[PDB]
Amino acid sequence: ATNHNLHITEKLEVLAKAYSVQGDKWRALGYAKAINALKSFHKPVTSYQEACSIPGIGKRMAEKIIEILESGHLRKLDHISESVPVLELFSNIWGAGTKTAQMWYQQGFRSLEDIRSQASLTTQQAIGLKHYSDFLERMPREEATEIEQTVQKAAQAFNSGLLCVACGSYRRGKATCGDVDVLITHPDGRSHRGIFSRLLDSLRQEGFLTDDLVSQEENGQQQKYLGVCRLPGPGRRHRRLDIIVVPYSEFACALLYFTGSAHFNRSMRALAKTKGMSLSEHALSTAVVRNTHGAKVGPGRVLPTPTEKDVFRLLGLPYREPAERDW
């Protein structure tokens, strides 16, 4: 953790976010990787060639780094559309993405007041706007613990054998957490079927859950619950809660997926692809058949992965503690 180029990545992140909200996701992914490189790196970049030498940084990006050091600014930033700040504001409503934000902007909306009174909102967006400020805040990990304990307690209350674990940034050892990721499974391998009903209707008794964003409860094969909860007592804020229930055989891949980070998973899955293998939150497969565009055309076969170490091993990668998975 030593940002030796904050002054540059600072101006780049602004541009990356602008491209993201406008919907230019690949260009944004490009900047996102170059930005991290310039951070993870060990000294202030002082040359056009030091830069190029850095993975994730090409000529085009190096040139821009130059401008920041020689000129102190980036003329590219002085031509960003005036719509960006508004698109970013609209895009921060849970449930609304680049497409919805661009539409609202097109319709003449410029503020949350406009959205609240004139915009047509999906059930999810109404909930997101309702907790707009709350969904932008991170929580002390200590509170994440209380939330994971509240979920786990209600789960083991009707089946003491249930294994509950908090993943995400929590397991990666961060000081604060954006939301709480709770993974639930069962050692026997069957008793995890159709438990969402009991867990969710148990957490609703005690009034712990306040809003539901994603919860397909009419289906017995529900895999995830994305919602909102709030601990009891004064001074509590609404927090995002994400729960997944998986079969014990998929426990390791699930744990690995849910622990992240997101960029870490993508990188790992990208490696598996170069090796004709495939990785998901369900399993690690080998002998996968893909076409010219890297799209799966053949299923291949699932490899036994009892633990996270097995996944790294099978991929010919040295294991990495959760805390060492921020990218």
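Position 1 is the first residue in the sequence shown; the rest follow in order.
For the pair 76 to 84 and 227 to 235, the record assigns the higher mean C-alpha temperature factor to 76 to 84. Stretches 236 to 244 and 185 to 193 differ in mean C-alpha B factor, with the higher average recorded for 185 to 193. As recorded in the entry, 292 carries the highest CA temperature factor of 292, 261, 278, 267. Going by the entry's values, 39 shows the largest Cα B-factor out of 301, 27, 282, 39.
Ranked by C-alpha B-factor against the other modelled residues of its chain, residue 99 falls in the lowest third.
Ranked against the other modelled residues of its chain, the C-alpha B-factor of residue 157 as given in the entry falls in the highest third. Split the chain's modelled residues into thirds by C-alpha temperature factor. Residue 206 is in the highest one. Residue 113 sits in the lowest third of its chain by CA B factor, as recorded in the PDB entry.
Remark: residue 168 belongs to the lowest third of its chain, ranked by C-alpha B-factor as recorded.
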